[PDB]
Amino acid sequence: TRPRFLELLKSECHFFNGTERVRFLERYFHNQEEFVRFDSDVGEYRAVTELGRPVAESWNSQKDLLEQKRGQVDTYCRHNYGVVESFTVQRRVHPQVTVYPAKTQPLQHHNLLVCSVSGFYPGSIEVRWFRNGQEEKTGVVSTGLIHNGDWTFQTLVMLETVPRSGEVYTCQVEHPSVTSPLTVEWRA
């Protein structure tokens, strides 16, 4: 309808090796345009665009403000990591795995073997297809990693193949929730 005006604020805390290395960023946006920001690596505000120059100047002259911002990596970032660590960083949900035939064309018959991996967390995962014990790579297609928006992920890794009597297929799933690769076999 009418013209809209959007103001955005993001306070970011980036962690490397737990809280050993932490980086704080306070970023101000206007209509998708970041104009000014504080980066703990610099210790003061820096304009990102023309609009932010006068802002950076005014804020930077207030040392008491800069001191408080310089302490966020500790009293904000590390502090919050400590609080949510147990149910976020350490959260682990085993994946459910199923293998089933599918068609790349409702016309003919099944010529696609789908390895479905769902309900897992974190998102980091590895899926490999094996035919008669040998990894297959050229005919693999996937939906890629899919986020469900509810602290779970899923992915479909499909093998383009025409099953023949006697063949044995194997889907192998590697994920942080388990200390050994999970496998599901399918026999034609």
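One-based numbering along the sequence shown.
- In this entry, the higher average B-factor at the C-alpha atoms falls on 45-53, of the pair 117-125 and 45-53.
- 96-104 and 75-83 differ in mean CA B-factor, and the higher of the two is recorded for 96-104.
- By the numbers in the PDB entry, the CA B factor is greatest at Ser58 among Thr143, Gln154, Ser58, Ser40.
- Ranked by Cα temperature factor within the chain, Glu20 sits in the highest third according to the deposited record.
- Among the modelled residues of its chain, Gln134 has a C-alpha B-factor that falls in the highest third, as given in the PDB entry.
- The entry lists a Cα temperature factor for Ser11 that places it in the lowest third of the chain's modelled residues.
- Split the chain's modelled residues into thirds by C-alpha temperature factor. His147 is in the lowest one.
- In the deposited entry, the Cα temperature factor of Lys63 sits in the top third of values across the chain's modelled residues.
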